[PDB]
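Novice: Input: one structure, supplied below.
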Amino acid sequence: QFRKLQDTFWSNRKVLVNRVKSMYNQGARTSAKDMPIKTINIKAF
Amino acid sequence: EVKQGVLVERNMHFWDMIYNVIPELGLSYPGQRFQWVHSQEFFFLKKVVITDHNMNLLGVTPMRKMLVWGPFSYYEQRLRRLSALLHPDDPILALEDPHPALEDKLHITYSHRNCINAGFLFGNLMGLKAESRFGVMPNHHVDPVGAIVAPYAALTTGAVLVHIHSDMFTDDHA
Amino acid sequence: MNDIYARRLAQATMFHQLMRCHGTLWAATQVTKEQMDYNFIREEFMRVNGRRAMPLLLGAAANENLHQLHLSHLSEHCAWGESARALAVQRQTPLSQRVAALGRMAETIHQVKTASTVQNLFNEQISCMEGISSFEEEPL
Amino acid sequence: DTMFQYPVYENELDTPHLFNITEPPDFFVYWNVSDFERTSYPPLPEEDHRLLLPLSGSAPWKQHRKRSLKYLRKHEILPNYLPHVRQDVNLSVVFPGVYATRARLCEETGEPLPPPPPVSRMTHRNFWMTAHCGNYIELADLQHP
Amino acid sequence: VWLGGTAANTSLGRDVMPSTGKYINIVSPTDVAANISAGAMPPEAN
Amino acid sequence: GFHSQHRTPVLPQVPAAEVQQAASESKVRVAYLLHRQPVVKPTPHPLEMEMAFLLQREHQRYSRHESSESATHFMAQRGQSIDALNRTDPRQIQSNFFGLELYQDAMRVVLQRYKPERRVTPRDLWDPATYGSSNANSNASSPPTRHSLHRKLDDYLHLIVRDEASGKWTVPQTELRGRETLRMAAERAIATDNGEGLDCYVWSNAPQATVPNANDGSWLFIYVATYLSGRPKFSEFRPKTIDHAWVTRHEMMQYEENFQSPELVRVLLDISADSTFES
Amino acid sequence: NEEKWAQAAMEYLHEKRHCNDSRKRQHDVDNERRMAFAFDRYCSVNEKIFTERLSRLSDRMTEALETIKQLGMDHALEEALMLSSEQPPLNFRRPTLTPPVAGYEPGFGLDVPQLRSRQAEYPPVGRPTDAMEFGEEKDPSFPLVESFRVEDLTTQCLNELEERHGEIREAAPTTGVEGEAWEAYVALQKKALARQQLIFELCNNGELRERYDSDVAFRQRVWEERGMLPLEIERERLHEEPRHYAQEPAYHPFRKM
Amino acid sequence: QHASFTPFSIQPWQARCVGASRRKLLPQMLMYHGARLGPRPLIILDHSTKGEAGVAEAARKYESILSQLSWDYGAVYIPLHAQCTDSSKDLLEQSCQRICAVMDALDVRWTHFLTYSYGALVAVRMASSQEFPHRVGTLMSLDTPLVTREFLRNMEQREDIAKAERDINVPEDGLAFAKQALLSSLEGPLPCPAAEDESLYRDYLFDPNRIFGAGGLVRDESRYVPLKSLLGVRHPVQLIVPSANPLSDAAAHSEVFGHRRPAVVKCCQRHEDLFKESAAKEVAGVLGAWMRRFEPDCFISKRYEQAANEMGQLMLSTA
Amino acid sequence: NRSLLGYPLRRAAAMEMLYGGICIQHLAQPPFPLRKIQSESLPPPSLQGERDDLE
Amino acid sequence: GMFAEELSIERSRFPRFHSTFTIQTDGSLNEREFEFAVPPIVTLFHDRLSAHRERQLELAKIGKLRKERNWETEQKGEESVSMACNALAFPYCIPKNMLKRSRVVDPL
């Protein structure tokens, strides 16, 4: 259980930053509050 | 145990053994007295009763000791409510068989009826009179001499059982 | 046997700092009509000095600014810089911080791995303990 | 440890630990054969109350009075068999107990053990041998006036 | 989920143990009493 | 751990254009008590040493990561490197810590050449013999010359001077002129009287202490500052210095007979720094 | 290969809550109790002395300030009542294990210029007063700013602090000594902010000020409503508390042998 | 390099660092063995002192050992008075405020101690008692027992017999038999390795007519120091054992003060052979090896040496 | 009286606060306080309680 | 938060610590501890007082070493503002009728 639970993590964060990159190329400016990850700063990506 | 081909008493630390088998009692976090299962290995193990003579006059504190005295109820003693549900052939005892009849039969099991009647038959067959004195050689409490025949004989016919020295194998306590 | 030294040196520094703060505090107690005495001073120093760093993975923790104020920088004794574990209480362990930035997704994995190097963490720590660092006088 | 604690009362006058019985919490219970002759009466209280003058202004007498009354309600003496109890005098009825577990005999004869000296004054050794509210005393030591 | 509680310990004739600590992360018999998936056990079952 | 002045501003003071009458008439005098930081950390108690053993054992056995000896070992075990040269094995990492060869040689050099400074000064080894011979012969004894600043590096050493007119031990003083503040007063006291040969850190703004004089009808303000570096040349002192002294919190009480005021002793004691607080 | 480095890193981050050591025995647990108590008996003298000495100092500076108040210089006060904001200089030296040695330059004249580079500090600091200067609509004189712009800082600080507090009190409950430490810290902060907007309230309204001052009871009840309350530190324990038999820990007794 | 003890007195300028109240309690005569006193010396305490006649002679005993050991801080002897009739509680407190006063006038906190005799007790009374732990850094006794085994076991039995006397459940057999078991073996005083303090022990401290009322049951150690207080002292304490029949069984001392093996002098057989200069070399060897554990210079130097040789091993394992 | 956190803070945390991030002081914790039970507040002894307590 | 027989130290926070002898640029040596594996005897460049000597060297170029005199600075600059605070003590501000002043600056 533990393994696949902790691998699903790295899977989904790389998926998340991917979709965030593809949301930043279309010009959409996303603030930090509406994101689920809120401490995330997209300028770092 | 054998020193120089001669049988001598050793003092074995059984405590150490219990901690070998169940190492989890060594790891203590301050909720753990009340955790539901004490060893995830043997989950049926609940209390370990330590029987050792401590000669200090002060008893142990009431939380490491079980209450053995006085009335246990108000309205009726629950042991005699329970004894109605028990039947004489319900097994209570198990003894190791040094020479198992099959590979299967490990411990052979006795009932109320078995024990009481074994002791009564022995008691009757010899002869026994109230408070006549009748002895038992030690280390027989593991087989149906000290476990069954002797004390139930002493009970069924009024008699007085007597233990000799706690052990046998060494010449000195012979 | 660091902390043993560190609380002695904190006792040393602390009243030296009282010397400069006493003006502000005595100014304050006249308006509030509070009592100026040891019991006030010590709970004054407590809020200045003791500041706990929290899990840092929370993000609500790493945002907390109230320990960074000007008075709180001036009245604080230096004891944290003498013992490594005191420093690790007030802030956290230098590596644990920079990886926590990666945890709260406030940094790229690469950017973290870059500066996470032992050599760096050494120098940042000694600089921090000694009172040497960089300011960007203009933040953002 | 508020949720895990062994029960502790402040007055065992009911000898509650004999009736309400909680499992020893400890995983290792120590049980000899030597303790079958031990007698389990509750630890001696502070402020022994049997000596209290029942003045209507005194705090300890008031508090003990109302304790006893509550006990008398919980065992259903008070409303039931004894509808009106005006508690004025502080009563102590004591028995000359040896703290003997079962009934014994003489080794030299086989006679019943001789009647004990009637108790002159109240001592700490004498305390649980009295009649408080609801407590327990072995039958063996109630054998004499 | 840490499974523990004072309900594992026998209590005779009145329960004087603190009531907040009985079942910890374990369903009480009161929880299975209110949740049973059958219904109306027959009058002969008394 | 010192903070660096970061963006933090520092406000100067104002010599009010209004000239204060109470400054000219009723004498207000500003004295500065100068001390040096302890050069070394306090020599511990053996109790402290043993409880340090204890605490090291306990932290060591309850440490956040148990089996692993370090962060280095920890990341290494999982086959990953913290180091810049991406080395795994911790021992070869601490053999040359920085990958620089020049630093290696620096280390060899320091290895053979460096020896730790032995910490006690021959200054503070105290001899009862010649001293009790001088005190037996002259029948009167005054404390030995404290003129050395190197004397004992463990504690806070303060400054005490004696007036040539008074013949009594006292703090360095300066009278306060009209417009300037007390901070400025102490400042120009230390500055002018040491003639810009001192780096003097003044801790506070408001003065530390105050003593009354009925004879002079005046108030002295004692003021605390820390000596950093310089050459405290005492010839330049205007209020007539015979001798100076560098004095720990302890023996300021030794001077009470040749001190000018009984009040000034107690007060100077209360404002005096100490590295210990066992007294 | 980077993400797995990150995995190991995170591994290093996470703290595990782990049991008492199985090698511990009774005698040594008890003698570390003993050691601890000895040490606190030792620090008693030190900290009580330190305490009353700090007290004496504050007394002296109090009677000094009231001295210059009484002498009648109202300027001297207000320039001595404003905090001296300059930190100890770079030649202010932390007391070190050993004395400095004779004529030692770094590496005995062996220079590695790589190592003498000055570097950044992390995390980059920022404080609630940074919005008040380096942001838009800065004030001409920053340390000198007029009242209401401080008041807004106060009222916003309470809100966001309380907010964060609730947040992390939910996320990560903490108890015992460090839990109590965190809680005491936050409580003290709230107390400070409260007293701040109190002194503002007492400054802009002189009426509530003189009613506040006129009596005693009003002061303390007002404190109560606004969250300003004394901090109770329970008394120093020199010895071992006598235990009832019920006072045992919630785990299995440490193994004697 | 034999060097005697110079008599010495505290001068009035030094007497001001002692509070005006107890300024009466610092003595007239003192001594210094070496040329220099240092921040902290070796303070040597000894048996009761009547006049300075016996002081000069009692000096000679330690003269050899102290001469053999070179202590940069030298040493100080502080004489201790026999008794005073006025106050019954005067004794260990008089010696207390006395030692502390002398240390204050010499500007010394944190000091190593030495004792062959009653003084040892005094030193323990420092470390045991609250509010003078800070003054006594390290206690070393030569042969002087602070405790014996029988005090320990009999104290156990006393506590348990108290508890049980209060506890009703305990049968009268166990209690009576326990009381006979306590009276059958009663505590004799601590063995006295001093000629003149036998009077002090038998009369003042350990006399049976006072120390236990309800004789053999309740023992008031209030005159010396209770067992609990003793049982708490983690001040490092070194006991010295002659290699043949000693006093002061180290069993009890390793039980009470902590687990450490007492320094055992090979040369000696019994005590009184401790003050013979045949053994003074081993004695000073031990004393010195022990002093240097707590001296910052010495152990900082040492650990730096360890780290240095260590890095040396890394450098040679490099190539 | 009242405190701002409503319970007396244990000395360990206090000293650990005013010497920043350091607890070498009181680490030996006093045992928790007792909760006494009223034995006469307990309900009257019941028969069914006695039948079924054994389960 | 529960009663434990062991002494209560904050546990499972501080990862581990290896103490290290460190030689400051002034030749005195301290001992400080870190989380990773640190060699004994690390010789320290770029210390506090080294940075001080560097800043003194940099005040030598402009020749600003001399002094800064606040007392014989006679500046008449006076501005009376009605309501103003010291923002430099935020937790204790006070609303004083004040005197405006510039900060002392030393560019470097």
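Laboratory data are not the source of any read-out in this text; all were calculated from the coordinates shown. Cβ placement follows ideal geometry from the backbone for every residue including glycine, while neighbour counts extend to all protein chains displayed.
Novice: Would you pick out the residues in region G:3-21 that are over 30 Å from C:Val112 (Cβ atoms) and without any contact (Cβ under 8 Å) to a residue 12 or more places away in the chain? Can you show your working first?
Specialist: So in region G:3-21, the residues over 30 Å from C:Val112 (Cβ atoms) come out as G:19-21.
Once the filter is applied, which keeps residues that are over 30 Å from C:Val112 (Cβ atoms) and without any contact (Cβ under 8 Å) to a residue 12 or more places away in the chain, region G:3-21 yields G:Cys19, G:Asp21.
Novice: If we scan region H:139-151, do we find a residue that is touching a residue at least 24 places away in the same chain (Cβ under 8 Å), within 14 Å of chain B (Cβ to nearest Cβ) and part of a helix (DSSP H, G or I)?
Specialist: Within region H:139-151, none of the residues are touching a residue at least 24 places away in the same chain (Cβ under 8 Å), within 14 Å of chain B (Cβ to nearest Cβ) and part of a helix (DSSP H, G or I).
Novice: Considering only chain A, state which residues are basic (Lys, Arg) and either touching a residue at least 40 places away in the same chain (Cβ under 8 Å) or in a helix (DSSP H, G or I) (or both).
Specialist: Once the filter is applied, which keeps residues that are basic (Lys, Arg) and either touching a residue at least 40 places away in the same chain (Cβ under 8 Å) or in a helix (DSSP H, G or I) (or both), chain A yields A:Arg3, A:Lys4, A:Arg13, A:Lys14, A:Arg19, A:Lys21, A:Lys43.
Novice: I would also like to ask the following. Specify which of the listed residues (G:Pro99, G:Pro88) is within 11 Å of chain J (Cβ to nearest Cβ), surrounded by 14 or more Cβ atoms within 10 Å (Cβ to Cβ), over 23 Å from the mean Cα position of the chain (by Cα) and under 28 Å from C:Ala10 (Cβ atoms).
Specialist: Among G:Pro99, G:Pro88, only G:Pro99 is within 11 Å of chain J (Cβ to nearest Cβ), surrounded by 14 or more Cβ atoms within 10 Å (Cβ to Cβ), over 23 Å from the mean Cα position of the chain (by Cα) and under 28 Å from C:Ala10 (Cβ atoms).
Novice: When the residues of region H:187-244 are filtered to those that are more than 17 Å from the chain's Cα centre (by Cα), of a type in the set (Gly, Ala, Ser) and assigned to a loop (DSSP other than H, G, I, E, B), which remaining residue is surrounded by the most Cβ atoms within 10 Å (Cβ to Cβ)?
Specialist: Applying the filter and picking the extreme gives H:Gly216.
Novice: Please pick out the residue among J:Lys61, J:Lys67 that is out of contact with any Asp or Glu (no Cβ under 7 Å at 6 or more places or on another chain), free of Cβ contacts under 8 Å to residues at least 40 places away in the same chain and more than 10 Å from chain G (Cβ to nearest Cβ).
Specialist: Values: J:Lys67 fails: out of contact with any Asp or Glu (no Cβ under 7 Å at 6 or more places or on another chain).
Just a single option satisfies the conditions, and that option is J:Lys61.
Novice: Using the structure shown, decide if H:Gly34 is buried (at least 19 other Cβ atoms within 10 Å of the Cβ) and among the small types (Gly, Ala, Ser).
Specialist: Yes: the conditions hold for H:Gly34.
Novice: A further question follows. Being in contact (Cβ under 8 Å) with a residue 24 or more places away in the chain and not in a loop (DSSP other than H, G, I, E, B) is the filter; apply it to region C:61-78 and report the residue that is farthest from J:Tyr92 (Cα to Cα).
Specialist: Among residues in region C:61-78 that are in contact (Cβ under 8 Å) with a residue 24 or more places away in the chain and not in a loop (DSSP other than H, G, I, E, B), the one farthest from J:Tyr92 (Cα to Cα) is C:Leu74.
Novice: Step by step: first the residues of region J:23-57, then only those that are more than 8 Å from chain G (Cβ to nearest Cβ) and closer than 30 Å to C:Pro55 by Cα, then the one that is surrounded by the fewest Cβ atoms within 10 Å (Cβ to Cβ). Which residue is that?
Specialist: Of everything passing the filter in region J:23-57, J:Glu33 is surrounded by the fewest Cβ atoms within 10 Å (Cβ to Cβ).
Novice: Within region F:51-73, track down each residue that is at the interface with chain C (Cβ under 10 Å from one of its Cβ atoms) and assigned to a helix (DSSP H, G or I).
Specialist: Correct list: F:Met51, F:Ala52, F:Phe53, F:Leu55, F:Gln56, F:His59, F:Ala71, F:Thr72.
Novice: Next question. Could you look through region F:179-212, keep only residues that are among the acidic types (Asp, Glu) and on the phi < 0 side of the Ramachandran plot, and pick out the one that is farthest from the other protein chains (Cβ to nearest Cβ)? Step through it out loud before you land on a result.
Specialist: Initial filter on region F:179-212 (among the acidic types (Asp, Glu)): F:180, F:187, F:193, F:196, F:199.
Still in the list and also on the phi < 0 side of the Ramachandran plot: F:180, F:187, F:193, F:199.
Details: F:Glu180: 5, F:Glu187: 6, F:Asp193: 13, F:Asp199: 6 Å.
So, considering only residues that are among the acidic types (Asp, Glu) and on the phi < 0 side of the Ramachandran plot, the one farthest from the other protein chains (Cβ to nearest Cβ) is F:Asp193.
Novice: For the list (1) surrounded by 15 or more Cβ atoms within 10 Å (Cβ to Cβ); (2) out of contact with any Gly (no Cβ under 8 Å at 6 or more places or on another chain); (3) not hydroxyl-bearing (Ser, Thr, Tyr), I need the number of the one condition that H:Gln269 fails.
Specialist: Against the list (1) surrounded by 15 or more Cβ atoms within 10 Å (Cβ to Cβ); (2) out of contact with any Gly (no Cβ under 8 Å at 6 or more places or on another chain); (3) not hydroxyl-bearing (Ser, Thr, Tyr), H:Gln269 comes up short only on (1).
Novice: Can you find a residue in region F:77-99 that is buried (at least 16 other Cβ atoms within 10 Å of the Cβ) and under 17 Å from H:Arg36 (Cβ atoms)?
Specialist: Scanning region F:77-99 turns up no residue that is buried (at least 16 other Cβ atoms within 10 Å of the Cβ) and under 17 Å from H:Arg36 (Cβ atoms).
Novice: Just to be sure, is F:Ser275 assigned to a loop (DSSP other than H, G, I, E, B), at negative phi and within 14 Å of chain G (Cβ to nearest Cβ)? So that I can check it myself, show each step before the final result.
Specialist: Numbers: assigned to a loop (DSSP other than H, G, I, E, B): yes; at negative phi: yes; within 14 Å of chain G (Cβ to nearest Cβ): yes.
For F:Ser275, the condition - assigned to a loop (DSSP other than H, G, I, E, B), at negative phi and within 14 Å of chain G (Cβ to nearest Cβ) - is met.
Novice: What is the residue count in region H:272-284 for residues that are surrounded by fewer than 18 Cβ atoms within 10 Å (Cβ to Cβ) and not acidic (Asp, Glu)?
Specialist: Start the filter on region H:272-284 by keeping residues that are surrounded by fewer than 18 Cβ atoms within 10 Å (Cβ to Cβ), which leaves H:272-273, H:276-278, H:281.
From what is left, the residues that are not acidic (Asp, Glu) are H:276, H:278, H:281.
Counting residues in region H:272-284 that are surrounded by fewer than 18 Cβ atoms within 10 Å (Cβ to Cβ) and not acidic (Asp, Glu) gives 3.
Novice: Now a separate question. Here are the criteria: (1) at the interface with chain C (Cβ under 9 Å from one of its Cβ atoms); (2) crowded, with 20+ Cβ neighbours inside 10 Å; (3) not charged (D, E, K, R). Tell me which single one F:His35 does not satisfy.
Specialist: In the conditions (1) at the interface with chain C (Cβ under 9 Å from one of its Cβ atoms); (2) crowded, with 20+ Cβ neighbours inside 10 Å; (3) not charged (D, E, K, R), F:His35 misses (1) alone.
Novice: Condition (residue is polar (S, T, N, Q) and either assigned to a helix (DSSP H, G or I) or touching a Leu at 6+ places or on another chain (Cβ under 8 Å) (or both)) applied to region G:174-186: is it met by at least one residue? First the steps, then the outcome.
Specialist: First, the residues of region G:174-186 that are polar (S, T, N, Q): G:174-175.
Imposing the further condition that a residue be either assigned to a helix (DSSP H, G or I) or touching a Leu at 6+ places or on another chain (Cβ under 8 Å) (or both) reduces the set to none.
So far as region G:174-186 goes, no, none of its residues is polar (S, T, N, Q) and either assigned to a helix (DSSP H, G or I) or touching a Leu at 6+ places or on another chain (Cβ under 8 Å) (or both).
Novice: Here's another thing I want to ask about it. Of all residues in region G:102-112, count the ones that are of a type outside the set (A, V, I, L, M, F, W, C), in a loop (DSSP other than H, G, I, E, B) and at the interface with chain J (Cβ under 9 Å from one of its Cβ atoms).
Specialist: Counting residues in region G:102-112 that are of a type outside the set (A, V, I, L, M, F, W, C), in a loop (DSSP other than H, G, I, E, B) and at the interface with chain J (Cβ under 9 Å from one of its Cβ atoms) gives 4.
Novice: Ok, one more. Name every residue in region G:237-252 that is buried (at least 16 other Cβ atoms within 10 Å of the Cβ), of a type outside the set (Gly, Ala, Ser) and in contact with a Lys or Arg (Cβ under 6 Å, 6 or more places away or on another chain), in order of residue number.
Specialist: G:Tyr251
Novice: Among the residues of region F:23-31, is any more than 13 Å from chain C (Cβ to nearest Cβ), under 30 Å from G:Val101 (Cα atoms) and surrounded by 19 or more Cβ atoms within 10 Å (Cβ to Cβ)?
Specialist: No: region F:23-31 contains no residue that is more than 13 Å from chain C (Cβ to nearest Cβ), under 30 Å from G:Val101 (Cα atoms) and surrounded by 19 or more Cβ atoms within 10 Å (Cβ to Cβ).
Novice: Also, I was wondering about something else. Name the strands (runs of 3 or more DSSP E) wholly inside region H:1-97 in which the number of residues that are without any contact (Cβ under 8 Å) to a residue 40 or more places away in the chain and more than 19 Å from H:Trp110 (Cα to Cα) is 2 or more.
Specialist: Those strands (runs of 3 or more DSSP E) span H:6-8.
Novice: I'm told H:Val170 meets every condition in (1) in a loop (DSSP other than H, G, I, E, B); (2) out of contact with any helix residue (DSSP H, G or I) (no Cβ under 6 Å at 6 or more places or on another chain); (3) surrounded by 15 or more Cβ atoms within 10 Å (Cβ to Cβ) except one. Can you identify the failing condition by its number?
Specialist: The number of the failed condition is (2).
Novice: Using the structure shown, decide if J:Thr20 is surrounded by fewer than 17 Cβ atoms within 10 Å (Cβ to Cβ) and either more than 7 Å from every other protein chain (Cβ to nearest Cβ) or closer than 30 Å to J:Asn97 by Cβ (or both).
Specialist: Criteria not met by J:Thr20.
Novice: Something else now. Name the single residue that is nearest to I:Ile37 (Cα to Cα) among those in region E:2-24 being within 12 Å of the chain's Cα centre (by Cα) and part of a loop (DSSP other than H, G, I, E, B).
Specialist: E:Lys22
For (1) over 20 Å from C:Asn49 (Cα atoms); (2) aromatic (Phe, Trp, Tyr); (3) in a loop (DSSP other than H, G, I, E, B), each residue gets a yes or a no:
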| position | (1), (2), (3) |
| --- | --- |
| G:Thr155 | yes, no, no |
| G:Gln189 | no, no, no |
| G:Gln220 | yes, no, no |
| G:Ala246 | yes, no, yes |
| G:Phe254 | yes, yes, yes |
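Novice: Look at C:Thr29 and say whether it is touching a helix residue (DSSP H, G or I) at 6+ places or on another chain (Cβ under 9 Å), more than 7 Å from every other protein chain (Cβ to nearest Cβ), not in a loop (DSSP other than H, G, I, E, B) and not aliphatic (A, V, I, L, M).
Specialist: Answer is yes for this residue.
Novice: Something else now. Restricting attention to region I:17-31, does a residue exist that is farther than 20 Å from D:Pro16 by Cβ, within 14 Å of chain C (Cβ to nearest Cβ), touching a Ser or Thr at 6+ places or on another chain (Cβ under 7 Å) and not in a loop (DSSP other than H, G, I, E, B)?
Specialist: Within region I:17-31, none of the residues are farther than 20 Å from D:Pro16 by Cβ, within 14 Å of chain C (Cβ to nearest Cβ), touching a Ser or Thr at 6+ places or on another chain (Cβ under 7 Å) and not in a loop (DSSP other than H, G, I, E, B).
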